[PDB]
Every structure is written in C-alpha cells, then in structure tokens.
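Visitor: mind folding the following:
(chains A, B and C)
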Amino acid sequence: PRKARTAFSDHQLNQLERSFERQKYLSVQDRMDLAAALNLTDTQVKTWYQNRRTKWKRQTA
DNA sequence: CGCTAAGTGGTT
DNA sequence: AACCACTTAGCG
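Guide: Residues are numbered from 1 along each chain as shown, chains lettered A, B, ... in the order given. Here you go, the structure:
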C-alpha cells in the first residue's frame, strides 16, 4: 500500500518554506528539531526538503 | 490541471 | 541513511 498523501497545514508549509529559505539542507538534528516543532514525522520533513530541492532546481532553470 | 507527496532504482 | 533523478499518483 502507498502511504496516504500528507495534507500539510498552513502553519506547517509556512514554517517549512521559512526553514528552506534559510537552509537548503538540514543536519539530522535540525531536521528532527523542525519535525518535532511542526508535529510532523522525521520522514515527512526529509521528504518535503527533498521534493522542495527538486522544485528549487526546476525554478533555478 | 497545477502543484507536489510518496515510491523506485541507483549514487553518494 | 541521506540524497538524486525521475515516476506514480492524490488533492485543492
């Protein structure tokens, strides 16, 4: 079974985008800290970072 | 549809 | 274990 697609809250997307604008990569500890602060799993944040770096490369052209 | 979350297969 | 490059697929 695929895992169900996460629907991020406004709060979670806002903080994820702010984190990404500051740092394109996070250390393990920063990734875990951000996940905890946003009530997300480590994997949800890791996955969001990774997909966000894909978008960042597309838009940098 | 537009945007993007999760899965695959491979690289680092 | 995390990333990459791409693929599959859900939801506003």
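
Visitor: could you check how far the spatially most central residue of chain A is from DNA strand B?
Guide: By Cα atoms, centre = their mean, chain A has its centre lying nearest to residue A:48, at 3.4 Å. From residue A:48 across to DNA strand B, the span is 5 Å (Cβ to the nearest atom of the strand, to the nearest Å). Backbone N, C-alpha and C define where each C-beta goes, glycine included.

Visitor: got a list of what that residue touches?
Guide: Residues in contact with residue A:48 (Cβ atoms under 8 Å, 6 or more residues apart in numbering) are A:8, A:16, A:40.

Visitor: which of these sits closest to residue A:26?
Guide: Among those, residue A:16 lies closest to residue A:26 (Cβ to Cβ), at 10.6 Å.

Visitor: how near is that closest one to residue A:41?
Guide: 13 Å (Cβ to Cβ, to the nearest Å).

Visitor: quick one: secondary structure of residue A:24?
Guide: coil (DSSP: H, G, I helix; E, B strand; the rest coil).

Visitor: which ones are touching it?
Guide: By Cβ under 8 Å, 6+ apart, the contact set of residue A:24 is A:53, A:56.

Visitor: and residue A:56, by the same measure?
Guide: Here residue A:56 is in contact with A:20, A:24 (Cβ under 8 Å, 6+ apart).

Visitor: so which strand or helix has residue A:55?
Guide: Using DSSP states H and E, residue A:55 sits in helix A:42-60.
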